[PDB]
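S.K.: here is the input, now give the coordinates:
(chains A and B)
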Amino acid sequence: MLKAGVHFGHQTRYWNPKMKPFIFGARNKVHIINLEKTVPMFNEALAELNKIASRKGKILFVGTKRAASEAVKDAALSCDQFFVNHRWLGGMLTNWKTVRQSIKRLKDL
RNA sequence: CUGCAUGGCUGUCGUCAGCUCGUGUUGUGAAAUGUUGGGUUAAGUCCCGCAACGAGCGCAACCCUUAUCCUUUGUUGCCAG
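M.R.: Residues are numbered from 1 along each chain as shown, chains lettered A, B, ... in the order given. Sure, the structure comes next:
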């Protein structure tokens, strides 16, 4: 059991064959995801994430695709949150030894 | 005396636009990318666009000279009021 929203899809011939073990078939000329084989994955995700949050762990939200570049920063305003929504460019995490100076370099401005 | 032994100095290209690094990326690695591409120039310039983002030196401005004006000042020079 998992509730899922209404599907219409887009790009009727475009899919990645690395998703094959999680594709249920095709309906309305788009390939569709399996919403039963993914339930033990969703039921783990809500629990292992709440465990990191219960250890005060810093959760970083990502939405660089323009469809999500507002949703990532507009889903809450009564909570505190960390987000990235502009191009990663030289990188952020493997390049954190630069970002830790980029924030100081910004705060002087 | 030895620069075919050396710290350097000067000559060459040439005031040419280039040499190199931090971290990310590519490559088995020696190495590359960044520094390319597309507009535009004296110019790795100035922009746009990107697996790059910034940075040191050279480029360039600041700096020196001057056109026309403004402003201060002096002798045994100038002399209007």
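
S.K.: residues near residue A:68, how many?
M.R.: With neighbours defined by other CB atoms under 10 Å, the count for residue A:68 comes to 13. Where you see a C-beta, it was placed from the backbone N, CA and C, and this is true even at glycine.

S.K.: can you verify it is assigned to a helix?
M.R.: No - under the criterion used here (DSSP: H, G, I helix; E, B strand; the rest coil), residue A:68 is coil, not part of a helix.

S.K.: what about the spatially closest residue to it that is not a sequence neighbour, how many neighbours?
M.R.: Distances taken as CB to CB, 6 or more residues apart in numbering put residue A:85 closest to residue A:68, at 7.7 Å, once the chain neighbours are dropped. Applying other CB under 10 Å, we find 16 other residues in the vicinity of residue A:85.

S.K.: same check on residue A:43?
M.R.: Neighbours of residue A:43 (other CB under 10 Å): 11.

S.K.: can you name the element that comes right after the helix or strand where it lies?
M.R.: Taking DSSP states H and E as the criterion, the element that holds residue A:43 is helix A:39-54. Using DSSP H and E, the helix or strand that directly follows helix A:39-54 along the chain is strand A:60-62.

S.K.: wait, does that following strand contact RNA strand B?
M.R.: No - between strand A:60-62 and RNA strand B, judged by CB under 7 Å from any atom of the strand, nothing touches; the nearest distance is 14.2 Å.
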